[PDB]
**Q** 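Structure incoming, see below.
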Amino acid sequence: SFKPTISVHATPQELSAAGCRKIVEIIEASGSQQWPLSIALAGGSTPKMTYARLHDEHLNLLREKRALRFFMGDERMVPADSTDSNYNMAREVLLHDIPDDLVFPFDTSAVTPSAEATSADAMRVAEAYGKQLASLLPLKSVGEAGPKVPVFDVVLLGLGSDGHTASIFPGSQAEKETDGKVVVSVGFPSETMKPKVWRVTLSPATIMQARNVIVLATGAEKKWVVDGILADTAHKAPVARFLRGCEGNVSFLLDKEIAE
Ligand SMILES: [Zn+2]
């Protein structure tokens, strides 16, 4: 069944250090002929620290060597310069130094501070990203028969205490997009999650076709989520349990609380 790699880390300087160490390892293991490897970034304080480390420690590998082509795994429907934007975060800490031809944010250019985006906006952005992904990445049939979804080399993920990952929220339609017909779906956060803005996100079908999936999570409050993904039998499962079906490698980089 589900056999993922799990590693526990005492601190943030440590989990983030392992997160960046895990990315460089895949890069190096793949070798230069395979580069640039596609990586779908996550937002959040933990991935941000991993990005700050790639910047500080491995810019030559990313810039001069062009090891990664950067995509966003999920995004908030706000302007790119917004503090609530995942790309804005990744840009500030790492992406400002990466060649423009290796950086692909979602196109939120239609979102202004004058009007909250709706799902109709999110959907237009999702469909456009999905199109770009299909021209840039290799496409794999879902189940030797199913529709074609892009194959990322790496997808970095976070977890919410509501059981969600990326911007795939509970009860959502995106959560039900597992057959490969939809590559980038949309979603609105759950009661306990913020910011309260429409999201675009890689669908579960897309994520399950990724060659490697790296999940970084901390906090006691998210322990039920990890337990729920790893449990032999689904009971009151978190959304993130869909990760069990990943076709690639899966790794969980956890702090002490969340592990136990
Ligand atoms: Zn810099």
Side-chain angles (χ1 to χ4, degrees), residues 12-13 15-17 19-24 26-27 35-114 116-117 121-122 124-126 128-133 136-137 150 152-158 160 165-167 184 186-187 189 193-202 206-207 210 214-216:
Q13 327 98 215
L15 201 162
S16 86
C20 153
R21 194 160 65 241
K22 185 45 165 273
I23 293 157
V24 181
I26 295 164
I27 285 172
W35 306 342
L37 304 181
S38 57
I39 179 155
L41 305 182
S45 118
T46 301
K48 167 185 175 153
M49 288 171 204
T50 288
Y51 307 157
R53 237 137 175 139
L54 292 166
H55 175 265
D56 291 346
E57 301 175 22
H58 315 271
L59 177 61
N60 185 280
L61 175 72
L62 304 180
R63 188 174 62 174
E64 280 86 331
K65 285 158 180 216
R66 316 174 42 90
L68 298 179
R69 182 180 301 201
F70 296 88
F71 296 85
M72 302 303 297
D74 81 303
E75 182 60 277
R76 288 78 172 278
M77 290 293 298
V78 302
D81 31 66
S82 168
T83 60
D84 277 331
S85 165
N86 291 332
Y87 168 66
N88 177 255
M89 178 274 272
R91 196 198 150 277
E92 250 170 45
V93 318
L94 169 76
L95 306 178
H96 60 277
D97 283 330
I98 304 309
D100 304 328
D101 70 317
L102 290 164
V103 175
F104 299 81
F106 280 94
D107 180 4
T108 49
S109 72
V111 183
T112 69
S114 81
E116 247 230 288
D121 299 305
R124 185 212 43 249
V125 169
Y129 209 54
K131 289 199 218 192
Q132 276 204 283
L133 298 179
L136 285 166
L137 314 199
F152 277 94
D153 285 309
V154 187
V155 173
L156 306 179
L157 302 167
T165 193
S167 277
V184 187
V186 307
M193 305 281 127
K194 280 202 220 36
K196 295 301 173 179
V197 298
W198 277 95
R199 322 294 184 78
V200 283
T201 180
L202 295 178
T206 300
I207 292 172
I214 310 160
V215 185
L216 313 202

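This chain uses plain numbering: 1 for the first residue, then up along the sequence. All values below come from the heavy atoms of this structure, side chains included, with hydrogens, waters and symmetry mates left out.
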**Q** Aromatic rings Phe152 and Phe71: how do their planes relate, parallel, tilted or perpendicular, breaks at 30° and 60°?
**A**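 If you compare the ring of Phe152 with that of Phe71, the planes turn out perpendicular.
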**Q** Rounded to the nearest 0.5 Å, how far does OG1 of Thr108 lie from CZ of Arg76?
**A**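 Taking CZ in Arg76 and OG1 in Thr108, the distance rounds to 12.0 Å.
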**Q** Any chance CG of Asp101 has more than 12 other-residue heavy atoms, nucleotides or ligands included, within less than 6.0 Å?
**A** yes
**Q** I need the minimum non-hydrogen distance between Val200 and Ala122, along with the two atoms involved.
**A** CG1-O, 2.9 Å
**Q** Whether the side chain of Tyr129 engages the backbone of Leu202 through a donor-acceptor N/O pair (distance < 3.5 Å, no angle test) should be reported.
**A** no
**Q** Quick one: does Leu95's side chain get under 4.5 Å of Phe70's, heavy atoms only?
**A**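 They are in side-chain contact.
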**Q** Within the 4.5 Å heavy-atom criterion, are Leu156 and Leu216 side-chain neighbours or not?
**A**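 They are not in contact (no side-chain heavy atoms under 4.5 Å apart), so the answer is no.
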**Q** Give the intermediate values and the outcome of side chain to side chain contact (heavy atoms under 4.5 Å, CB included) for residues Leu133 and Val184.
**A** CA-CA 9 Å; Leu133 298 179; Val184 187; 4.1 Å; yes
**Q** Is any side-chain heavy atom of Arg53 closer than 4.5 Å to a side-chain heavy atom of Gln13?
**A**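 Yes - at least one pair of side-chain heavy atoms lies under 4.5 Å apart.
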**Q** Got a second to check how far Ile39's CD1 is from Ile26's CD1, nearest 0.5 Å?
**A** 7.0 Å
**Q** With distance as the sole test, does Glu75 use its side chain to make a donor-acceptor pair with the main-chain N or O of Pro105 at under 3.5 Å?
**A** no
**Q** Minimum heavy-atom separation for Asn88 and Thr83, please, with both atom names.
**A** OD1-CA, 4.0 Å
**Q** Report yes if some heavy atom in the side chain of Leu59 is under 4.5 Å from a heavy atom in the side chain of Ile98; otherwise report no.
**A**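 Yes. Closest side-chain heavy atoms under 4.5 Å.
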**Q** Work out which heavy atom in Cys20 is nearest to a heavy atom in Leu54; give both atom names and the distance.
**A**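 Smallest heavy-atom distance, with atoms named: SG-CD2, 3.5 Å.
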**Q** Take atom NZ in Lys196; do more than 12 heavy atoms of anything else shown fall under 6.0 Å from it?
**A**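 Yes, the 6.0 Å shell around NZ holds more than 12 heavy atoms from other groups.
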**Q** Judged by atom type as modelled, is there a donor-acceptor pair below 3.5 Å linking the side chain of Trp35 to the main-chain atoms of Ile27?
**A**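 Here the side-chain-to-backbone pair exists.
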**Q** Would you give the length of the straight line joining atom CZ of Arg66 to atom CG of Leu102, rounded to the nearest 0.5 angstrom?
**A** 4.0 Å
**Q** Test your reading of the model: is there a side-chain donor-acceptor pair from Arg91 to the backbone of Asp81, 3.5 Å cut-off?
**A**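 No, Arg91 side chain to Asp81 backbone: no donor-acceptor pair under 3.5 Å.
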**Q** Looking at side-chain heavy atoms only, is the closest gap between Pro189 and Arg199 below 4.5 Å?
**A** yes
**Q** Out of curiosity, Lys48 NZ to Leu41 CG, how far, rounded to the nearest 0.5 Å?
**A** 14.0 Å
**Q** Answer with yes or no whether the side chains of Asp107 and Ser109 bring together a donor and an acceptor at under 3.5 Å.
**A** yes
**Q** Looking at every heavy atom in both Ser167 and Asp74, which two are closest together, and how far apart are they?
**A**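 Minimum heavy-atom separation between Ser167 and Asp74: OG-OD2, 2.7 Å.
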**Q** Under a 4.0 Å threshold between the charged nitrogen and the carboxylate oxygen, would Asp153 count as salt-bridged to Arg69?
**A**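 The answer is no: the pair does not qualify as a salt bridge.
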**Q** Check for a donor-acceptor pair, side chain of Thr201 on one end and backbone N or O of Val186 on the other, with a separation under 3.5 Å.
**A**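 Not a single qualifying donor-acceptor pair exists.
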**Q** Check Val197 against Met77 and note the closest heavy-atom contact, atom names and distance.
**A**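 Heavy atoms of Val197 and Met77 come nearest at CG2-N, 4.4 Å.
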**Q** If I compare all heavy atoms of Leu62 with all of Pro99, which pair ends up nearest, and what's the gap?
**A**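 For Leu62 versus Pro99, the nearest heavy atoms are O-CD, 4.2 Å.
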**Q** To the closest 0.5 Å, what do you measure between CE (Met72) and CZ (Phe106)?
**A** 7.5 Å
**Q** Decide side chain to side chain contact (heavy atoms under 4.5 Å, CB included) for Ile214 and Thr50; before the verdict, give the C-alpha distance in whole Å, the side-chain angles of both, and the deciding distance to 0.1 Å.
**A** CA-CA 12 Å; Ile214 310 160; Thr50 288; over 6 Å; no
**Q** Within this structure, what is the CG-CD1 distance for the pair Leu68 and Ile23, rounded to the nearest 0.5 Å?
**A** 7.5 Å
**Q** Is a side-chain N or O of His55 found less than 3.5 angstrom from the main chain of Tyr51, in a donor-acceptor match?
**A** no
